[PDB]
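One chain follows as structure tokens, the form deposited in one PDB entry.
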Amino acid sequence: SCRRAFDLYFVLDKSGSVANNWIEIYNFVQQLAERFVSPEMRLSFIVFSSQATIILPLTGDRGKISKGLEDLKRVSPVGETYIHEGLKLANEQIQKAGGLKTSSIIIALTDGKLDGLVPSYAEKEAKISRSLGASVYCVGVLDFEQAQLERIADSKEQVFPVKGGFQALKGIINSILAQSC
């Protein structure tokens, strides 16, 4: 059935590889927040590099969202790319909000450039997200790793470039509206 309540978890790469494009990431997040202002649309901001942190715990309070955006605007990307840790912080909040009883969307902003065993960890954690009933989208930055993002997202139709033709914003907004009453 159609839904009105969505919880949107932004899982944002602040590793060194994306440092020169942090503005694109921030702008995407600000634009999607701007689009969805209802209190039944709750947002959470998570950042990750060599460790992950919840910048904005899940909330519909727009004052807190404004401050969360101020905090994201000052981020200084550096270090390694442990995307699995960012996904796990989204999963922990989803589990605490109700698990399969929730209406949960994860949007990962990343170049998908993963090292060593991180692909293994990331794919396992995204499979956990889906087991909790969440849907995973990936928005690719720079010369992003398309296949890696397709594996993390629910499918290739939930992967978009952050650059060009308003593809990512339109595609994700229209995907959410399709699920909406």
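We call the rigid core the largest set of C-alpha positions that still match within 1.5 Å between the two forms. Just count from 1 along the sequence shown to find any residue number.
What comes next is about the form deposited in another entry, which does not appear here.
Peer 1: Any idea which of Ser66, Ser155, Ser38, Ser120 has its C-alpha shifted 2 Å or more between this form and the one not shown with the rigid core fixed?
Peer 2: Comparing both forms, the shifted residue turns out to be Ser38.
Peer 1: Any CA movement of 2 Å or more for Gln167 between this form and the one not shown, core superposed?
Peer 2: Yes, the C-alpha moves 2 Å or more.
Peer 1: If the C-alpha spacing of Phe166 and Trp22 moves by 3 Å or more in the other form, is that a move closer or farther apart?
Peer 2: Relative to the displayed form, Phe166 and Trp22 move farther apart in the other form - a change of at least 3 Å between their C-alphas.
Peer 1: What happens to the Cα distance from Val37 to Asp111 in the other form: does it get closer or farther than here, with a change of 3 angstroms or more?
Peer 2: Relative to the shown form, the pair is closer.
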